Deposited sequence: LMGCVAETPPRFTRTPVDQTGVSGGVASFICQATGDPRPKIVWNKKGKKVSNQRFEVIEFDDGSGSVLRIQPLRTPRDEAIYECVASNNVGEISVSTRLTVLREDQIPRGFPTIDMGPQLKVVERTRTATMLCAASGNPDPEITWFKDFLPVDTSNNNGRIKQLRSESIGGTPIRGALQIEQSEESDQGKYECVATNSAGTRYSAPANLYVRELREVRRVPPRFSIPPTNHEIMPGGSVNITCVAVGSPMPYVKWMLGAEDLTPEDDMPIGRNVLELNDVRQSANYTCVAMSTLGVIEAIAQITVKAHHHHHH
């Protein structure tokens, strides 16, 4: 047998009222350690207090929501124990109110939004947090902390915008995600956002290709001609027109696969560029328009 040892211990938190506060606690031993949460000596028992145990059985997470001050502002402890041991760790919870929120306290500029990804594909959940000093960002899936400590797994967190990138999606990834911003000043939770995993739909991906490229047209001085540009591919290209560097079809909703340009009062020869765009490539084609006497 082996006495319990802490693998992760909770730290001193400082969240806002009405918000969230989570305490993570994990331990290992032989046999498996059971983790109990206490407030002021007695085991926690409240409607706003929920304990979520890890899938490994390696521990649990004490979640407090919504934060009520100062009824929750106290000392909470984690007691890990098995047949051959009993250890504990205690931490402090501070709950501010909006009146007492200091300038520099973490603020969610942009939270995660609803996203749907197919299986075995890559999904990304964004989160932008501000504050003084710069807050570090962590993630929570279904009240449990997302393990991104492994820099080389399917689930990673991008350095610098600490967004969560989920590669090779599986059904287990489907759940409720929420972003957490924490600095030396305190901790703020973002709104929850659902991730859905649908089955893999095998669609063919082909870069944009001009099925009907623009032809060169000769015209009388002022002067009117219609030029046809058609592109194909999967996904279907958005076709636009340009005059060298600047766009010629501004403020329009870029048509799909086909764009016919109309010229009027042509008094000078010019070259007009047709551009087709997709997420798989960008192709171009110019048409020579001349003004003959």
Segments lacking C-alpha coordinates (deposited sequence numbering, starting at 1): 1-6, 167-174, 308-313
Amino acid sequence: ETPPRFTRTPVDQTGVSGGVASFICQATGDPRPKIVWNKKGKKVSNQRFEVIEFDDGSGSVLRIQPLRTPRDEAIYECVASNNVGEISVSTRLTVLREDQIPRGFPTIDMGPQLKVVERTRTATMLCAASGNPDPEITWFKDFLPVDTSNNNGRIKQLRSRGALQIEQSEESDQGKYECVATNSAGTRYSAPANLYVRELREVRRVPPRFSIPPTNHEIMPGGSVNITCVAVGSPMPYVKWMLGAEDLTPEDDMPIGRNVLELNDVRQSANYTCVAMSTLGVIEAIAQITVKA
From here on, numbers count along this sequence of modelled residues.
Mean Cα B-factor comparison, 283-291 or 2-10, giving the higher one as deposited: 283-291
Higher-B stretch (mean Cα B-factor, as the entry records it), 231-239 or 58-66: 231-239
C-alpha B-factor winner, where the candidates are 74, 117, 220, 79: 220
Residue with maximal Cα B-factor (values as given in the PDB entry) among 179, 200, 128, 203: 203
Among modelled residues of the same chain, the CA temperature factor third for residue 121: lowest
Cα B factor band for residue 144 (lowest, middle or highest third within the chain): lowest
CA B-factor ranking of residue 194, expressed as a third of its chain: lowest
Relative C-alpha B-factor of residue 24, binned into the chain's lowest, middle or highest third: lowest
Third of the chain's Cα B-factor distribution that residue 278 belongs to, per the entry: lowest
